[PDB]
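Novice: from the sequence below, what's the structure:
(one chain, ligands or ions: 3)
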Amino acid sequence: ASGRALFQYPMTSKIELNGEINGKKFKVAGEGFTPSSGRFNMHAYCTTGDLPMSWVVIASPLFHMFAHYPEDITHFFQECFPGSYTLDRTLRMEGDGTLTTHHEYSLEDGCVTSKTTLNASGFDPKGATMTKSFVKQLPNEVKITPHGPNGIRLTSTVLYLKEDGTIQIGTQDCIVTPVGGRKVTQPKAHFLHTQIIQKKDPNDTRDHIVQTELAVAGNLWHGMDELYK
Ligand SMILES: [Cl-]
Ligand SMILES: [Cl-]
Ligand SMILES: [Cl-]
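Specialist: Residues are numbered from 1 along each chain as shown. Ligands and ions are numbered 1, 2, ... in the order given. Have a look at this structure:
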């Protein structure tokens, strides 16, 4: 049983995230639900107090294996199981600061657990990340290409909406590496349309978010794959 056969829905998730921003250490945990392919939620909370940064910027740190792929594109993230993968991210909030994350995953009993670390240094203490002035991030197309002999690379430029209705840009670059000691067939170059929506739970007393991601792959530019050898 491997690959897509391991991702029979519904499934769940957990996260444990240890973070630090501008020397403020924090932890987040969460549980989530994946009802069906490409629709996945996460109810996360800060276990150390209030989260010391925007929940909108931490959105993308907070599960590409749940993306919905058509049959005619390899779902590299799912095909890494069994064995799993690592994700390494850099997110540059342009004119603000840069953060990195590292993710490890494990699958047990229909539940993907993410263990994540986040590090962020040099942020503007008056910027939107640290003052919590973002409302949401706009939907975007992540570009996925083969990377090295055994990985993939994911890139996106994300528009973050501030409370005054103007935009700040984050540039995001991720590398995915199988850790399972085996070659996983790389996909053709493609794109993943991604949308995050966040809301608050009516009752939860913790600093928290209830986030849903919708993520759908597609060969949006059929000529792109020619460019990546
Ligand atoms: Cl926030
Ligand atoms: Cl990403
Ligand atoms: Cl493919």
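Novice: quick one: the helix or strand containing residue 129 to chain centroid distance?
Specialist: When elements are defined using DSSP states H and E, residue 129 is found to belong to helix 128-131. Its chain's C-alpha centre and that of helix 128-131 lie 20 Å apart, by Cα atoms, centre = their mean, to the nearest Å.
Novice: is ligand 1 contacted by that helix?
Specialist: No - interface with ligand 1: helix 128-131 contributes nothing (Cβ under 5 Å from the ion), its closest point being 9.2 Å away. Every residue, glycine included, has its C-beta placed from N, CA and C.
Novice: partner strands of the next helix-or-strand element following that helix, with direction?
Specialist: Sequence-wise, the next helix or strand downstream of helix 128-131 (DSSP H and E) is strand 134-137. Based on DSSP bridges, the strands next to strand 134-137 in the sheet, each with its direction, are strand 151-162 (antiparallel).
Novice: contacts for the strand it pairs with?
Specialist: Strand 151-162 has contacts (Cβ atoms under 8 Å, 6 or more residues apart in numbering) with 56-57, 60, 64, 76, 93, 128, 133-138, 140-147, 167-178, 186-187, 192, 194.
Novice: so how far is it off the chain centroid?
Specialist: Taking Cα atoms, centre = their mean, one finds the center of strand 151-162 at 10 Å from the center of the full chain.
Novice: angle of the helix or strand just after that strand against strand 151-162?
Specialist: For strand 151-162, the following helix or strand on the C-terminal side (DSSP H and E) is strand 167-178. Between the axis of strand 167-178 and that of strand 151-162 there is an angle of 160 degrees, by axes from the mean of the first three to the mean of the last three Cα atoms, to 10 degrees.
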